[PDB]
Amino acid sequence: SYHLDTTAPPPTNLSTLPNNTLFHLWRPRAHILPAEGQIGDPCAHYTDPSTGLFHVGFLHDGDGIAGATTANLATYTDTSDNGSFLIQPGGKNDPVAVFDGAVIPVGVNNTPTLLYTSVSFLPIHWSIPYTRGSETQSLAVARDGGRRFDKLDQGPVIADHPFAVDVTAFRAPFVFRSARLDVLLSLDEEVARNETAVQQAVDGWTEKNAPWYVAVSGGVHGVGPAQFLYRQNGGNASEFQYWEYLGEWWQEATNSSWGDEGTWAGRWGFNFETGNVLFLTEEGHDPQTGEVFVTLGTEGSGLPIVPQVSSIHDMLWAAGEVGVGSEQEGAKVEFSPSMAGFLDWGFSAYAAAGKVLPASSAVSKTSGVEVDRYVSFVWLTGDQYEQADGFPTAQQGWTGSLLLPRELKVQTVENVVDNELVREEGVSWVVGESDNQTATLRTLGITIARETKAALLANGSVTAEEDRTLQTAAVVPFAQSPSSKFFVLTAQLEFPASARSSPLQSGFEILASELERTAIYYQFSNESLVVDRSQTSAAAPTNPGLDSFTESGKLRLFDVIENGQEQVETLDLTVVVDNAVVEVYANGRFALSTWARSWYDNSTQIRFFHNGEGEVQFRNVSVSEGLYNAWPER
């Protein structure tokens, strides 16, 4: 008989092992996931007005939305056992399934109200004909603190997609408020043209009584992906039954992309999924003074297309401005991207679902945060969106996980030499100011939620490494490596201006022993942070289910003036390893997550890495081991 021994070689076929045998092998301890089973898209988050607690939601086992709550954003508690479900299919509006949805804190009966996609027909896919009535948007109300959502005893409040529009997908309603949208809509078509008159109205805007907007994601057959915008009828904040259609406030031509070569923001693909609408400043979230930001997943494919197969799942973001609808008979308001990028460059990262976290929340009160924040939760599919080549699912007993909660805001990059590196077309940043000599850049800021980061390094063991410089090729083991696979690695890599043209590759090797290693390094050839997983798992060679393809993201290191002197901006790294869940963060303006399913208990070594091409200076290298338990009650 075979009992799991991770100090010994892995069996050739993991899929032959007994159920639940691999349950803990690759399981994270500081991440959001159900007690067992599979987790899908994150949805339905809301900061309970009454208790100030923050509720988190996610599709679970493809049988509905499950929930959990937190008071500090560090630890979570399941709403209930047996799946901890909030709402499941089988109603009159959702006889087949319950898809993503979002919550209005003070809705029907003045309680948290869920607006979600109720499904009545399958299959549903952008590459095939759409069955009329497949997806409708229904309402459900929170009961018993929010441990359950009861569907309203009536049909959907948005019972059909736009009239006679051949949509590719009509789902994932996301609710939000906006001063600019209210102003542009409450104005005149001629008076809402001059930003002056407009801006003057936004100043007196009052959030408390503003109407809600709903953004539904999808696209149109033969046209392109799009976001369908609605709002409480007539701008009536008390109107929850009728939702007026404002049109396709954002659409792109089929498989087109941001930029001439789709370099910084993947492609718009064939269908938009899970549109989140944000309003960011330089400190957090503000629906009155914040710039419009939209995060979304796009479904793509190579040609020839294989019906019912989305080969590419990009987790994108875009920022821009909202204006009136021109002079055409189309959308009443329109979103125009000025810049776009990736919220996470991970192949398996997708469906980021976020929510405003008020400073008045119990979470922010405890941590002492004085501003409103926007926390986003990204999905890390466990099996490559179910296209994996025989992953040992029954053996693991669970599938997928959410990534660490992330704060999103406008991040600025100061003292940037205004050169070609900054003026390139179709990038993920805009210039905030400049004298043609140095400029301030503006882009999406991405950082681990502060309380979560604090919890990750509150009881961790700290081991630093001496600053180091590598010129010739070398792989240097740390003075002391962690003895577990639960740690946070931080480091700063400084490169010479001369490395830009070089074939330089510099980083670290982690989760390493003689038979295994995972490499993380910066590459100038394509200005990308890369995660080489070719040798990650000693079990991958005979178990194709464990993907081992290379992961990478674009990260441009600008020329800056740090000390009255020019230099290539410092690569500020933060790698969080929560067993197999690996999250690479950089300069607060970059995230790449993936699975690193190493097998041996001894694969915990960490080494400096340099390919000899060019030179690199490592500074402030440190390792915090341990992380923490995100689910105390389990």
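Rigid core (definition): largest C-alpha set, two forms, superposition within 1.5 Å. When you see a residue number, it is the position in the sequence shown, counting from 1.
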Next item on the list: Please pick 158 to 166 or 325 to 333, whichever has its Cα atoms farther from the shown form in 4 other deposited structures of this protein after a rigid core fit.
Entry: 325 to 333
Item checked: Mean Cα B-factor comparison, 259 to 267 or 535 to 543, giving the higher one as deposited -> 259 to 267
Check: Which wins on mean Cα temperature factor, 95 to 103 or 518 to 526?
Finding: 518 to 526
Check: Of the options 274, 227, 484, 367, which has the highest CA B factor as deposited?
Finding: 367
Check: Of the options 598, 50, 604, 587, which has the highest CA B factor as deposited?
Finding: 50
Note to self: Among the modelled residues of this chain, does the Cα B factor of residue 63 put it in the lowest, middle or highest third?
What the structure shows: middle
Checklist line | Among modelled residues of the same chain, the CA temperature factor third for residue 297 | finding: lowest
Notebook entry, point to check: Taking the entry's C-alpha B-factors for this chain, is residue 373 in the lowest, middle or highest third?
Noted result: middle
Notebook entry, point to check: Going by the entry, which third of its chain does the Cα temperature factor of residue 129 land in?
Noted result: middle
Notebook entry, point to check: Against its chain's modelled residues, does residue 407's Cα B factor rank lowest, middle or highest third?
Noted result: lowest
